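**Student:** Protein chains in written order, with the authors' numbering: chain E, 1 to 87; chain A, 175 to 261; chain M, 1 to 210; chain J, 1 to 137, 144 to 221.
Ideal Cβ positions, reconstructed from N, Cα and C, are used throughout, including at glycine.
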Amino acid sequence: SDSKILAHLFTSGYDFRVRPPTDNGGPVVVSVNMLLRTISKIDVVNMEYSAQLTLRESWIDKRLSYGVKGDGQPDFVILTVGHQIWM
Amino acid sequence: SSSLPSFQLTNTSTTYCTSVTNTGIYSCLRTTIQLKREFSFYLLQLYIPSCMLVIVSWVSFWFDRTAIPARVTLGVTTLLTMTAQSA
Amino acid sequence: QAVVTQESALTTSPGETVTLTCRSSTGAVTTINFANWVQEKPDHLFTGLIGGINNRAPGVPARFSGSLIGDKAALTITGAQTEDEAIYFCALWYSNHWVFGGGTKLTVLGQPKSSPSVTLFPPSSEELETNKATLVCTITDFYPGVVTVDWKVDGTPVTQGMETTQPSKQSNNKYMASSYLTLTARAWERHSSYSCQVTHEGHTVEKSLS
Amino acid sequence: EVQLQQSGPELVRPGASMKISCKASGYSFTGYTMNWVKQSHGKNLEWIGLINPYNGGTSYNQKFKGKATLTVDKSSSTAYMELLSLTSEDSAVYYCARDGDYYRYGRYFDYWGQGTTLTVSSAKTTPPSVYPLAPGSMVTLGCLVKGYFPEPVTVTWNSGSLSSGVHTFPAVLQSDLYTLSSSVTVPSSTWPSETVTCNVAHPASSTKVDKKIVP
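Structure follows, in structure tokens:
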């Protein structure tokens, strides 16, 4: 199922080097969420600080749509190793 | 300059440093920044306190010559402190 | 390519609430279009109002406000003022450059409406002598000061050869405008039907010629 | 208060190239990027390009790639704009508009300049030719001051006799030569039993011509 859905997406001509297409040729809109985990080592001498966070990016890549409306298929598929995606 | 608190980047230059070595003549560029050390720190942490220390050694000239313990205590303490600060 | 569209003109009274809109031809106006709104007072006085994400220029009154009503950018003046009467341009950001609209001439009413006085002038014989023929169409005493001139030779509308001046203000607070359709003497005799129809604030006035 | 004062109006022949300025004051000049806008009589407002004073960096509208060249002089807080291979189409009013954000691009307009009017025409001082405008066979008459240069031209009616109903319209720039027209409204039955001469004056060439309207 999931492995088949992935295979269907990359069996065609997909180039992870090419930017995702847009309807009006506009730019790819990347929504960003950010989760701070820890903020440590606030160095005042070197004026810097350490921080560990979780970066969360979300964009649309019509080329990767498999279910479209879906409602018969899984909402989403976890991308496994060995499958390149424009990022 | 805001991330460089201890110095003041006064001047920059862009030059060539092409040189002739044993393996051949290699083209070379050289950028140069000029750093001027901030004085405010050394005024407060070195000069001011030392004057203040030397001036203290003088207030023993106003103690009666009979009370030498007081004089020595001043002169000696300021001298020791002088050493420490320098260290 | 991509075109921005605005209301030709709008009318409102002091105190009311008017809304100008800005339409994109490629689709719905999204946040990555950074809809900007610019005001042009008479004598070429431009100033920014809204723009960017949701920021505004320094000093822009509180009555001004931006939004994305429907699928186009909006500019809402809540409690219109007399001085608010100006031309408003909106600008959209398409990828790497700005594209402006046609502008909207907002009128804050100060007198009763007045339909335009249209006149059509055939080419002078003195001018035809030089192998040139100029149709002149004059429009006076109209308000609010926004019209739309349209020419038509022999039933068919004309695309080129026409020139219409910008609504100029009269001594009596009403507006005027002129429009010239240019032809050649040999081409002015080639036809016999000429139309100069002027639209103003809805409805239309036409002046023909033969 | 901030201010953007641009250079004065300029008249240049086609093929040449001139440079208009925009002196900024009242703010840290190097902190806000500058836009250049072109307002022409033939089209709408066009965005030419923008420049970051602090950076020297520029980004042009594909349309003006090669037509305009944005530069900046930090010392004098002035933004300049070159215009090459000037032609008839370049005759317009060029504004300079500041961006809103402080040391970053915010994509919204702050203050504009008063504008600079650039007139590009290969014309010599040319006296106008006045052609009468009579109504096709309350009546309205008109004059047609066609093909003059440079502006302005003044139009009266009966040497000032009639002033009510007089409208001298804006001029249009066609064929490197300006052209306007003035109308005057009178009660139909009086014309043509009353002399209706229009007075056209072109001071730039010392021209004075009378042409009374007649059917």
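I want to know whether the segment 50-58 of chain J touches the segment 26-36 of chain J - three or more CB-CB distances under 8 Å.
**Tutor:** yes
**Student:** Grouping DSSP H, G and I as helix and E and B as strand, with all else coil, what is J:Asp73?
**Tutor:** For this step, residue 73 of chain J is matched to residue 73 along the fourth sequence. If DSSP states are grouped into helix, strand and coil, J:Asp73 belongs with the strands.
**Student:** Identify every residue that forms a DSSP beta bridge with J:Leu83.
**Tutor:** Counted from its first residue, the fourth sequence places residue 83 of chain J at position 83. Paired residue(s): J:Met18, J:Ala68.
**Student:** Can you check the segment 51-79 of chain M for any beta strand (DSSP E) of at least 3 residues that lies completely inside it and give the ranges in chain order?
**Tutor:** 64-67, 73-78
**Student:** Starting from A:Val228, trace the alpha helix (DSSP H) in both directions and tell me its first and last residue.
**Tutor:** Numbered from its first residue, the second sequence carries residue 228 of chain A at position 54. Where A:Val228 is concerned, the enclosing alpha helix (DSSP H) stretches over 222-232.
**Student:** Could you give the distance in angstroms between the alpha-carbon of J:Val2 and the alpha-carbon of J:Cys96?
**Tutor:** Within the fourth sequence, residue 2 of chain J is the residue found at index 2, counting from 1. Within the fourth sequence, residue 96 of chain J is the residue found at index 96, counting from 1. Using only the alpha carbons, I get a separation of about 13 Å.
**Student:** From the beta carbon of E:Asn33, is the nearest beta carbon of chain M less than 9 Å away?
**Tutor:** As a first step, residue 33 of chain E is located in the first sequence; it is residue number 33 there, counting from the start. Interface residue (Cβ-Cβ distance to chain M less than 9 Å): E:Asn33 is not classified as such.
**Student:** For a contact defined as C-beta to C-beta under 9 Å, what are the partners of M:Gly102 on chain J?
**Tutor:** Locating residue 102 of chain M in the third sequence gives position 102, counting from the first residue. Chain J residues near M:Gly102: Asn44.
**Student:** Does the Cβ of M:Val136 have 16 or more other Cβ atoms within 10 Å, making it buried, or fewer, making it exposed?
**Tutor:** Numbered from its first residue, the third sequence carries residue 136 of chain M at position 136. By the 16-neighbour rule on beta-carbons within 10 angstroms, M:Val136 is buried.
**Student:** Measure the Cβ-Cβ separation of residue 138 of chain J and J:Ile20 and say whether it is below 9 Å.
**Tutor:** Missing from the coordinates: residue 138 of chain J, inside the break in chain J from 137 to 144.
**Student:** In chain E, which residues lie with their C-beta within 8 Å of the C-beta of M:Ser95?
**Tutor:** For the purposes of this step, residue 95 of chain M is taken as residue 95 along the third sequence, with counting starting at 1. In chain order: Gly25, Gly26, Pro27.
**Student:** In the DSSP output, which residue or residues are listed as bridge partners for M:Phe89?
**Tutor:** Here the question's residue 89 of chain M lines up with position 89 in the third sequence. According to DSSP, M:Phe89 bridges with M:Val38.
**Student:** Assuming J:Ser169 contacts J:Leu133 (C-beta within less than 8 Å), just tell me the rounded distance between them.
**Tutor:** Start at 1 with the first residue of the fourth sequence, and residue 169 of chain J comes out as number 163. Start at 1 with the first residue of the fourth sequence, and residue 133 of chain J comes out as number 133. In fact, because the Cβ distance is near 19 Å, the residues do not count as touching under 8 Å.
**Student:** Identify the contact partners of E:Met47 in chain A, using a Cβ-Cβ distance below 9 Å as the criterion.
**Tutor:** Position 47 of the first sequence, counting from 1, holds the residue named residue 47 of chain E. Near E:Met47 (Cβ distances below 9 Å), the residues of chain A are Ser176, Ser177, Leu178, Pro179.
**Student:** Going by DSSP in three states, M:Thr130 sits in which element: helix, strand or coil?
**Tutor:** As a working note, residue 130 of chain M is residue 130 in the third sequence. Of the three classes helix, strand and coil, the one that applies to M:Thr130 here is coil, per DSSP.
**Student:** So, are the CB atoms of M:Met176 and M:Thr138 less than 9 Å apart?
**Tutor:** On the third sequence, position 176 is the one that residue 176 of chain M refers to. On the third sequence, position 138 is the one that residue 138 of chain M refers to. Going by C-beta atoms, M:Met176 is nearer than 9 Å to M:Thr138.
**Student:** In its own chain, which residues sit with a C-beta less than 6 Å from the C-beta of M:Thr119, not counting the 5 before and 5 after it?
**Tutor:** As a first step, residue 119 of chain M is located in the third sequence; it is residue number 119 there, counting from the start. The answer, listed in chain order, is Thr138.
**Student:** Return the residue from the list M:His44, M:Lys41, M:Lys113, M:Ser67 that minimises the CA-CA distance to M:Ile50.
**Tutor:** Within the third sequence, the letter at position 50 stands for residue 50 of chain M. Answer by Cα proximity: M:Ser67.
**Student:** Below 9 Å between beta carbons: does that hold for J:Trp47 and M:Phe100?
**Tutor:** The sequence position of residue 47 of chain J within the fourth sequence is 47, counting from 1. The sequence position of residue 100 of chain M within the third sequence is 100, counting from 1. Their beta carbons are under 9 Å apart, which means J:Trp47 touches M:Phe100 by this criterion.
**Student:** Could you check if A:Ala241 is buried or exposed, using at least 16 other CB atoms within 10 Å of its CB as the buried criterion?
**Tutor:** Residue 241 of chain A sits at position 67 when you count from the first residue of the second sequence. Exposed, since its Cβ has fewer than 16 Cβ neighbours within 10 Å.
**Student:** Could you run through the segment 24-49 of chain M and flag, in chain order, every residue whose CB is less than 7 Å away from some CB of chain E?
**Tutor:** Here the close residues are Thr26, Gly27, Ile32.
**Student:** Tell me the rounded alpha-carbon separation between E:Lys41 and E:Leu53.
**Tutor:** Your numbering for residue 41 of chain E matches position 41 in the first sequence. Your numbering for residue 53 of chain E matches position 53 in the first sequence. Whole-angstrom Cα-Cα distance: 14 Å.
**Student:** Determine contact between the segment 203-216 of chain J and the segment 114-132 of chain J, defined as no fewer than three beta-carbon pairs at a distance below 8 Å.
**Tutor:** yes
**Student:** Would you mind working out which of A:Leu178, A:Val230, A:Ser231 sits nearest residue 265 of chain A, comparing C-alpha positions?
**Tutor:** This structure cannot speak to residue 265 of chain A, because chain A is shown only from 175 to 261.
**Student:** Report the CB separation of M:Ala2 from M:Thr26 in whole angstroms; it is logged as a contact under 8 Å.
**Tutor:** Indexing the third sequence from 1 puts residue 2 of chain M at position 2. Indexing the third sequence from 1 puts residue 26 of chain M at position 26. Beta-carbon to beta-carbon, M:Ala2 and M:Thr26 are separated by about 5 Å, close enough to satisfy the 8 Å threshold.
**Student:** Output the boundary residues of the alpha helix (DSSP H) element that contains A:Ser175.
**Tutor:** To locate residue 175 of chain A, count along the second sequence from 1; it is residue 1. Note, A:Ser175: premise wrong, no alpha helix (DSSP H); not H, not E.
**Student:** Does the distance from the C-beta atom of J:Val72 to that of J:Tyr80 stay below 9 Å?
**Tutor:** If you number the fourth sequence from 1, residue 72 of chain J lands on position 72. If you number the fourth sequence from 1, residue 80 of chain J lands on position 80. Taking 9 Å as the cut-off, the Cβ atoms of J:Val72 and J:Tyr80 count as close.
**Student:** Would you kindly work out how many angstroms separate the C-alpha atoms of E:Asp15 and E:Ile5, rounded to a whole number?
**Tutor:** On the first sequence, residue 15 of chain E is found 15 positions in, with the first residue counted as 1. On the first sequence, residue 5 of chain E is found 5 positions in, with the first residue counted as 1. About 17 Å.
**Student:** How many Å lie between M:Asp154 and J:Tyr111 at the Cα?
**Tutor:** The count along the third sequence starts at 1 and reaches residue 154 of chain M at position 154. The count along the fourth sequence starts at 1 and reaches residue 111 of chain J at position 111. Answer to the nearest angstrom: the Cα atoms are 48 Å apart.
**Student:** Determine which residues share a DSSP beta bridge with A:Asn185 and list them.
**Tutor:** Within the second sequence, residue 185 of chain A is the residue found at index 11, counting from 1. Beta-bridge pairing links A:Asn185 to A:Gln208.
**Student:** Rounded to a whole number of angstroms, what is the C-alpha to C-alpha distance between J:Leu86 and J:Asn44?
**Tutor:** Position 86 of the fourth sequence, counted from the first residue, corresponds to residue 86 of chain J. Position 44 of the fourth sequence, counted from the first residue, corresponds to residue 44 of chain J. Distance between J:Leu86 and J:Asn44, taken at the CA atoms: about 19 Å.
**Student:** Determine the burial state of A:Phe213: buried for a count of at least 16 other Cβ atoms within 10 Å of its Cβ, exposed for fewer.
**Tutor:** As a working mapping, residue 213 of chain A is identified with position 39 in the second sequence. Taking every protein chain shown into account, the CB of A:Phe213 has fewer than 16 other CB atoms within 10 angstroms, so this residue is exposed.
**Student:** Contact criterion: CB-CB distance below 9 Å. Does M:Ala73 meet it with respect to chain E?
**Tutor:** Along the third sequence, one-based indexing puts residue 73 of chain M at 73. Chain E contact via Cβ: absent.
**Student:** Could you spell out where the beta strand (DSSP E) holding M:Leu45 opens and where it closes?
**Tutor:** In the third sequence, counting from the first residue as 1, residue 45 of chain M sits at position 45. Looking at the DSSP string, the run of the beta strand (DSSP E) that includes M:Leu45 is 45-48.
**Student:** Could you name the residues that DSSP lists as bridge partners for A:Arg245?
**Tutor:** The count along the second sequence starts at 1 and reaches residue 245 of chain A at position 71. Bridge partners of A:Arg245: none, in fact.
**Student:** So E:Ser3 is in the alpha helix (DSSP H); what residue range does that whole segment cover?
**Tutor:** Numbered from 1 along the first sequence, position 3 holds the residue referred to as residue 3 of chain E. Here the alpha helix (DSSP H) through E:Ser3 covers 2-11.
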